Ligand SMILES: *[B]([O])([O])[C]([C][C]([C])[C])[N]C(=O)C1=[C]N([C]2[C][C][C][C][C]2)N=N1
Ligand SMILES: *[B]([O])([O])[C]([C][C]([C])[C])[N]C(=O)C1=[C]N([C]2[C][C][C][C][C]2)N=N1
Ligand SMILES: *[B]([O])([O])[C]([C][C]([C])[C])[N]C(=O)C1=[C]N([C]2[C][C][C][C][C]2)N=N1
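Chains as they are written, first to last, in UniProt numbering: chain X, 46 to 259; chain F, 30 to 241; chain P, 11 to 209; chain L, 11 to 209; chain B, 73 to 273; chain A, 40 to 258; chain R, 1 to 196; chain V, 1 to 196; chain D, 2 to 205.
In structure tokens, the structure reads:
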């Protein structure tokens, strides 16, 4: 996939005490045109893993299909073993790298969130096969706009509560709406804890336009 | 579309009489942004071998996994652990198999040889390699190598005793060159990870670097 | 960028979005694209910010001098001609469409499109990257004999529809109504814009 | 080319223009872009005529066989999936967007956009080169709970607005209404198309 | 890179420099540019370090297999032909290797030049690398077939030294070998800076 | 480079980092990026370093002539008109990206001026390769009519975000506070980074360096 | 550029070629043989792209020799020339073509002396005399001016000398020595080198 | 490619150059002089792009001669070398640059013998010996090996012969004859041509 | 690149009441070395020197045009130029060729004519100044020079220690650079004397 058609913008992710939260807007962009304003870019993988994706939407749908089948296949066995967030992150990394090596990349940047054995997981996988883990993540334009704010809060308070992480994410979504031209004021927030994966949406950020009068 | 990305990072290795040091910074980058400040570039292969990699992180992750599998395969068919020099010889052939679509990785191996002396091997991306006394690789490699030539190799000095390098001196020197490299190289920073390989095993040490 | 101007009996209504963009980054989210060339003459800017700003200033200067020499308020057609002249002469170098709208005692409310050096008088004009998405909308909604209130409502709706679809448009909606009585400015903020099918 | 499909309670309304173009020349001014894949499933073609025709035939064949094996009428989602599969697999070679619309006993009237291998279910969809000019129009005119008559009127208006503005669209308007009762075809000729602001 | 070899009355002399570079950066001054295939066979390297290192090591493998199969030890002429056929399969793919194969077989001292295009030439003297034109000038001016061993060693050392003085891509130390009937001997490993200062005085 | 400015209740605060890089190597660890245009008008420069330097010097010179002839305090609008008319003339080739701030008779004014000659008057702006990071801090925490100390803290946090997030920025934060009363140039207002202490060291004795020739010339 | 030349007489064929092997600006070898003996009465003169000439010539040589081993008699010059062209033309549109120029000289028991000219695109032409390389531009007219069909071998050698002398005076390249061979009913004979 | 060479002794300067004028593959002239006499004690050796060399050299020659006419004394080699560089560098960024390589040899009353090397980009360097062209790659090391600062003119001529002999054996181009001149306190002297 | 066509490296170091400037002596065209005594450091006053690295032709042209300007300045003003004033003069000269630049990066080192305060700075090809308190480098091996300077430089060094420091910095830096070297020249500028030394260096 050298020419991505419909693409999604930034995906945010931050760890908190006992879970991971990820956010993404519901926009499917066709160049600069906001073509699909109601598409979910966040997918539940299993009970402990969630996936957010930016970039080519068709590639994300294909990855969602393949990943979804894998999980179903594993569940059929009923042997007591299931894919952990780390294992899915590793699988995705190999998948992306393989595609990139044949000069036919899956044009996506992904954020993997998960909670297993009392440990929160947050992984990043780009289209070139570049992968790593961090306390907070932001793809695309979020790397320049959201990440700085996220990191700043984590430099003063490394361990956040669920409520703090949620509020911090909403603040980032507002900034993205103000400064990213391919963004849309309609997003989803997915949370993974010990109780499983939950997806809230659609949500909107409160916007201030006081400066226009100035 | 480009299949590569420059992710920065610097790796250093120094061989002593009965030790080898492999050190690296922990910043992972892309463009002008930082992906993470906690990505060490040195992996343990065996109890007396460490590899330091730098370059395109996509190839760095894949090559390390491939080497790790080849060490297990070698052990199963030869009934022993691969030595530092056999790992160096084998890595050369793995890098040369992608001679037309290369791994963009600069490797440096640090460990002990069969006589328990420090050994360092440096590689270019397509497999060419040689044994050296010390070596810098990656983003700040041209800043560090001249200083190691003067302070460890004693080049350009007259009336100087060529004493053997001790672990203590080698450790301070490693910390100093990385502190100097973090000031000038934009890709080098955050933290320094130092692995010391001796006959007693591999010990690790972490030291902070400038965050800007 | 989305700009629009409508003629009504006795004056004009001109409006635009407030987004300045550099690729995918919003460099200015509250920019005023409506610029006065004279007391009752305005121009809407679209295209390159530097070119449009330079052209608008050059024209304002030429019209000011012209007005003091002729001892009377400049006609809207004269302002359009001055803009057309500059736009045509430097067509190879300039990438900006300066839409002209205003009121004078001879012809009343007039709207002129002067893109690329070509001058055309229209009952209503739309420009900028976002105008492509509202062509169908304005062709079906426009009715002759609209009042200023209706014109203001018509303009607000069209701009709002374009801002939602066009990535290069957004922010707030600037609105100016020009008549014999004077210029009336108005700003419709993000939370007060017309709402249509969004999901 | 301009295509559009709308979902209504009990079925779908799908329509399109009839222009086939080669640069500035009209090679076929009365082409039928609405193609049946099965008894109650249709697809609108946009983009390359050869690619769309080949894809539609491949799908019709696959769905026909599938229907005889399962001993029942194929679901609209299955038809969309089959089209999506072909469209995604050959994304590098194919330049055609096959919009899917139909009726089945499980989900009723459904509209699916399958451009580039991405499958999305929508209450209404628009495609082709001419669809860019009616985005604003459909966002302001669409209302939930529309009847088939209203849906037919809504579709005709939107297509007419696009045909007037888009050089690649024109001719007549093909219209098909699909329900449980069957397929109803309709052709709105050039002299019977809706008229809006034209001068 | 500068490598040279010549036959004289007492065998073959082989000498090289030891510099490797990447652009203008000197990546090493201690590269070994002579491969010892067996005790009567040597290979020199010039061009891309990975291509030279890999294909010459592959020749060494083939030479060893030949000896186990035939019980006889490959000749210099057959070793060079094996190398030239190996790299000829990748012609046009941007391999970069200029090698000299030198040894002593049943037909006496042998010297061949082989390169990445498939060129294979037998000769009395050769020079390869970016500093090879400078080496040729000094080597051809002082070369005589009746040179004594010490005189041949001196000519080899002077030709490499003057090439490293003029060519930016050559330098470091000179590794010299002497190919004889009973096999090769490593003559010396001298730093070219000590040599040039002693010639300058 | 990260440069930023905001309008507060009584004036303008300008901010910058102090790192100057040659490609990917740090050349200067203490480059002054906030330049004097006039007593109550300052400028922060990003983009091509020699263009910024020459452009601001030419402007300061022309603005000084202007104020000598008129006998009055220069207006911020004049600086913006001189700068933008010069930049448009060169069609973007003079790569000067500037933030112009000052206080005149009409109050505090902040402008951003871009290389092709376009400009915008705003209550807060950021420029340079660290601009998105600084702008995120402003969008998240700016309020109109802040007090001098609140504005100083906000601008410092915005520059600091660029310093820690952008590899083209680093070093210290410099600030310029401009009000009706005074100008406070705070070169080195915050020093968030510093070279490590260094464990061991190196020492060269007397004649460690071998010398070939020597001439002494007395003055 | 390399130089090849062939002169066909009533009952013999005379061929000559330069002995320079070059690498960029330096002559690496000054006594390189560009002639390949395919059989007792056939010579193959080949020049062109480095690597290709030897690979191609050797391939032909091995096949010509194999024919003799399998049948008990040698392939004629004409059959050999056509075999060479066939092979060269087969690789023309392939991935690995042979960029070589050649001359095939031979003596057939029944047919007599033959000289064949072949370019890199595999066009085959029989000729009384021919030359390859940049030097052919300065010597072909000389052969046109002095060559007769009944020229004796002594006059042919003098005619060849005339051509080679022209190269010494007019050509920009340094070609000081040439290999000279003659093919007749008694086989291939080595004549003295023509040096300057 | 043309060949230039200069060797500076204690009280003289020795220069030599090839005499070949070429057009593509043919030597149109075999006795072309590449040396230009600027003054009684100054020689200008020039090679490079066709047309440029003569146009440039003549321009310098006319200006050097004009200086002598206006002042009554000749410009020194150093001043002449700098005048040449200044002019060459001025046309470097212009529309009509001069693609020439040169050597300026001269003898100054007070300063003695001088040899100047100048490339086409107008970088000027004083040197004990120098060479221009492809041949310089094969002869510079020879000068490095045998040259001493107190070399006599008889030994210098032998040293030059060594360099020229190397060209005959190693260089691919045909350069059979060289112009040899010497400049000292008695002016410019023509030595015998060195031919092969 | 045009800046590596001739090679070369220059560095200036500040000491306690003194300055040091050094450069390589190699003049070469691409891979071929032509001479080993090319001048890169020119005197611009009693205690003021300028080092130029980059294209050899522009190195000579810039030095000559600067000498022309400085000479006229000294006659008109009747005084010796200040180190900082020279930096501005040089920047102005390089900026005039904004679109068609001289390919050279000058390095200035000296002591003020009245207070003898050490001054060093470096400019780029366009004319942007970089006044520092420690050292400045320029040339094909700048990365290597930065490394050596960053770890070896110390504040308040006396003339002897400063000499050793800059010497070691240049020697080890040029040894890792293929087109730089063939000798090193060093100038130690003190208030009362100028010391010029040539170092024993590698000639390969
Ligand atoms: B609109 O999108 O057309 C808008 C209208 C202008 C303000 C008249 N134009 C722009 O968005 C725009 C942005 N820019 C530059 C981009 C690079 C940085 C400086 C501004 N130019 N026009
Ligand atoms: B429409 O403009 O998108 C239309 C839709 C098709 C019929 C599905 N396409 C075309 O106009 C069109 C024309 N052509 C070819 C042009 C060259 C001659 C053969 C037809 N392909 N698509
Ligand atoms: B020599 O200069 O030819 C030398 C000989 C080798 C060591 C046997 N070669 C090299 O120095 C050399 C350079 N490179 C690559 C060139 C392109 C950039 C990466 C290095 N490989 N060998």
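All residues carry an ideal CB built from backbone N, CA and C; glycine is no exception.
Residue environment, residue i, which counts as buried when at least 16 other CB atoms sit within 10 Å
{"i": "residue 53(R)", "result": "buried"}
{"i": "residue 144(A)", "result": "exposed"}
{"i": "residue 255(A)", "result": "exposed"}
{"i": "residue 79(A)", "result": "buried"}
{"i": "residue 18(V)", "result": "buried"}
Proximal residues of chain X, C-beta to C-beta of residue i below 9 Å
{"i": "residue 27(P)", "result": "What residue 27(P) touches in chain X: nothing, since even the nearest Cβ is about 11 Å away."}
Contact test: residue i Cβ vs ligand 3 heavy atom, cutoff 8 Å
{"i": "residue 91(B)", "result": "yes"}
{"i": "residue 174(F)", "result": "no"}
heavy atom of ligand 2 below 8 Å from residue i C-beta
{"i": "residue 142(L)", "result": "no"}
{"i": "residue 59(L)", "result": "yes"}
{"i": "residue 123(L)", "result": "no"}
Chain-ordered chain A contacts of residue i [CB-CB under 7 Å]
{"i": "residue 220(X)", "result": "175, 178 and 179"}
{"i": "residue 197(X)", "result": "200"}
Residue range of the unbroken beta strand (DSSP E) whose run includes residue i
{"i": "residue 18(R)", "result": "13–18"}
{"i": "residue 132(P)", "result": "130–132"}
{"i": "residue 80(B)", "result": "75–80"}
Limits of the alpha helix (DSSP H) - the one that residue i falls within
{"i": "residue 94(F)", "result": "86–107"}
{"i": "residue 143(X)", "result": "130–146"}
{"i": "residue 92(L)", "result": "86–99"}
heavy atom of ligand 1 below 8 Å from residue i C-beta
{"i": "residue 85(F)", "result": "no"}
{"i": "residue 36(X)", "result": "Summary: the structure shown does not reach residue 36(X), with chain X confined to residues 46 through 259, and so no result is reported for it."}
{"i": "residue 55(P)", "result": "yes"}
{"i": "residue 132(A)", "result": "no"}
Under 8 Å from the C-beta of residue i: neighbouring residues of chain D
{"i": "residue 238(B)", "result": "33 and 34"}
Review point. Is the number of C-beta pairs between the segment 126–139 of chain F and the segment 128–145 of chain B that are closer than 8 Å three or more?
Key: These segments do not touch.
**Study point:** the segment 52–71 of chain X in contact with the segment 90–107 of chain X per 3-pair CB rule at 8 Å
**Key:** yes
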